[PDB]
């Protein structure tokens, strides 16, 4: 979808950053082959399956540069380390093996074409736009109903890097959902943004990520171009 639907929350001062949920991604029993759990590849793991793992935390105000590379000292071993500052989560977690969901709204600074580019170890699935990610100011009631991924990247496959080129309006806030998994060993997440305006990729999303409370009537976007 080249013209994704946006939202018009018309809230006085919007809340900065996305919401995050972290969940466990345990290795298989210590004599299993391979050592890692393959659930991350089942089609419903990003929808229902992650909820069968342990909730590690629900965090708010995730904003900044969310990109990271984590080098595991060794493979098939659950090891602890920390996420970047932007994630608002300071305590060590199993960086070798975990699940992470981010959701909220993306607001453009300038109207025009935006190319989001992603790469991941092991997995990054992105939904973007109302309906596709979730409904405007109706996130809780549409949370699990996200459609086809607007970008997807899986380590070791024939689509390990992906992009999404969309025409966006600076007036609107766009529902976004980002689902990440590290099954084992190294972990990495790269999201960048390229517009027809700037000369280089944007990697710091501080002024771009927002959160909005759900409302009874919702907040459909009030910019349309048919």
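Numbering follows the first chain given and starts at 1. In this text, rigid core is short for the largest set of C-alphas that superpose within 1.5 Å between two forms.
- Stretch comparison, 188-196 versus 159-167: after rigid core superposition, larger RMS CA deviation in 4 other deposited structures of this protein is found for 159-167.
- With 61-69 and 25-33 as candidates, the stretch whose CA atoms show the greater average offset from this form in 4 other deposited structures of this protein after a core fit is 25-33.
- When the mean C-alpha temperature factors of 86-94 and 123-131 are read from the deposited coordinates, 86-94 comes out higher.
- For the two regions 155-163 and 65-73, the entry's Cα B-factors average higher over 155-163.
- Reading the B-factor column for the CA atoms of 102, 118, 137, 79 in the entry, the top value corresponds to 137.
- Between the residues 52, 190, 181, 197, the entry's highest C-alpha temperature factor is the one at 197.
- When the CA B factors of the chain's modelled residues are split into thirds, the value for residue 58 lands in the middle one.
- Sort the modelled residues of the chain by CA B factor and residue 47 lands in the middle third.
- Residue 202: CA B factor lies in the highest third for its chain, per the PDB record.
- In the PDB entry, a CA B factor belonging to the lowest third of its chain's modelled residues is recorded for residue 23.
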